[PDB]
Every structure is written in structure tokens, then in C-alpha cells.
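Okay, so here's the structure we're looking at.
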Amino acid sequence: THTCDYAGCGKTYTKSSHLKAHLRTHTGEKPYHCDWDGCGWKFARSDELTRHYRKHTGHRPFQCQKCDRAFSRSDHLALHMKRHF
DNA sequence: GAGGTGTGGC
DNA sequence: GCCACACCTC
Ligand SMILES: [Zn+2]
Ligand SMILES: [Zn+2]
Ligand SMILES: [Zn+2]
């Protein structure tokens, strides 16, 4: 399958796209750049940039349907939702 | 909550 | 490659 060949790392992935992303941990490549005025943050993964942009926007797409609380990530909500039952 | 990351449908 | 789920660790 898709093995990392950097300095005997050996980590293996199921898709080449996963391997490509993992290789950035060795190269320091960060292709996803925040465009927020004044911010120069960059990230190795698109979804990391999405998390960063929500720091700028305060956007909380995941509203709990049993109380007022909202969250930036679905896993945060899923954990909270357990406390309603 | 936040960061890091393995994953898979499309 | 995009995107978001899901899990671990702090
Ligand atoms: Zn590697
Ligand atoms: Zn930014
Ligand atoms: Zn709630």
C-alpha cells in the first residue's frame, strides 16, 4: 500500500492522498493559507484552516437541539448531547 | 475546547 | 483533493 519513505518513517496509509498529507509533517509544507486581513497563518490540511477561520468568524454551525449551546465541531456537540440523556 | 490526525464517500 | 466524521490526548 502507500508507505512513507522519509527517513525510515514507515507509516502506511490506505490512500495516496493521506500519505501526501502525512509527508507535510516531514517537509513543513503548509498549502492552506488564511486570507483574513492581517493574518499569516498557514496549515497542512484544509480542515485545519476551516477550524482556524472559525476563530475569526465565531461561527458555530452545530447547534444542540435540546438546549441553547452551540459548537464549532460535530464531535464537541456529540459529546455534549450525551449529557442530555 | 482545542490541537492533531486517521479515515472514507464523493 | 475536498470535506467532515471520529477518536485520542491535553
Ligand atoms: Zn513519514
Ligand atoms: Zn487567520
Ligand atoms: Zn444541549
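In what follows, chains carry the letters A, B, and so on, assigned in the order in which the sequence lines appear, proteins first and then strands, with residues in each chain numbered from 1.
- The backbone N or O of A:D35 sits less than 3.5 Å from a side-chain atom of A:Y53, completing a donor-acceptor pair.
- When the side-chain nitrogen and oxygen atoms of A:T14 are compared with OP1 and OP2 of B:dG8, one or more of them lie within a distance under 4.0 Å.
- If you measure from atom OH of A:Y32 to atom P of B:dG4, you get 16 Å, rounded to the nearest angstrom.
- Taking only distance into account, the side chain of A:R45 meets the base of B:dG6 through a donor-acceptor pair shorter than 3.5 Å.
- Computed from coordinates, the A:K15 NZ to C:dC2 P distance equals 11 Å when rounded to whole Å.
- Of all nucleotides listed (B:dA2, C:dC2, B:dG6), B:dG6 comes nearest to the side chain of A:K11.
- The shortest side-chain heavy-atom distance between A:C4 and A:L19 falls under the 4.5 Å cut-off.
- In this structure, NE2 of A:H52 is placed 16 Å from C1' of B:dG4, rounded to the nearest angstrom.
- Of the candidates B:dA2, C:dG1, C:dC5, C:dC5 carries the atom nearest the A:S74 side chain, counting heavy atoms from C-beta on.
- Heavy atoms of A:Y13 sit under 4.0 angstrom from primed sugar atoms or phosphate atoms, though from no base atom.
- Among B:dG1, B:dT5, C:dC2, the nucleotide with an atom closest to any side-chain atom of A:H76 is B:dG1.
- At a cut-off of 3.5 angstrom, the base of C:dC2 holds no donor-acceptor pair with the side chain of A:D47.
- For the pair A:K30 NZ and B:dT5 P, the computed distance is 11 Å after rounding to whole Å.
- Note: CG (A:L77) to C1' (C:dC5) measures 13 Å, nearest angstrom.
- Between A:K20 atom NZ and C:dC2 atom P the separation is 9 Å, expressed in whole Å.
- Each of A:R60, A:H59, A:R51 was compared with A:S72 under the side-chain contact (heavy atoms from CB on, under 4.5 Å) criterion, and only A:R60 meets it.
- In this structure, the CZ atom of A:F43 is 13 Å from the P atom of B:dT5, given to the nearest Å.
- Evaluation of atom-type donor-acceptor distances gives a pair under 3.5 Å for the side chain of A:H18 against the base of B:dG8.
- Note on ring orientation: taking the six-membered ring where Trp is involved, the planes of A:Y6 and A:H26 are parallel (angle under 30°, cut-offs 30° and 60°).
- Side-chain contact, A:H52 with A:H56: a donor N or O sits under 3.5 Å from an acceptor N or O.
- Rounded to an integer number of Å, the gap from A:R73 CZ to B:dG3 P is 8 Å.
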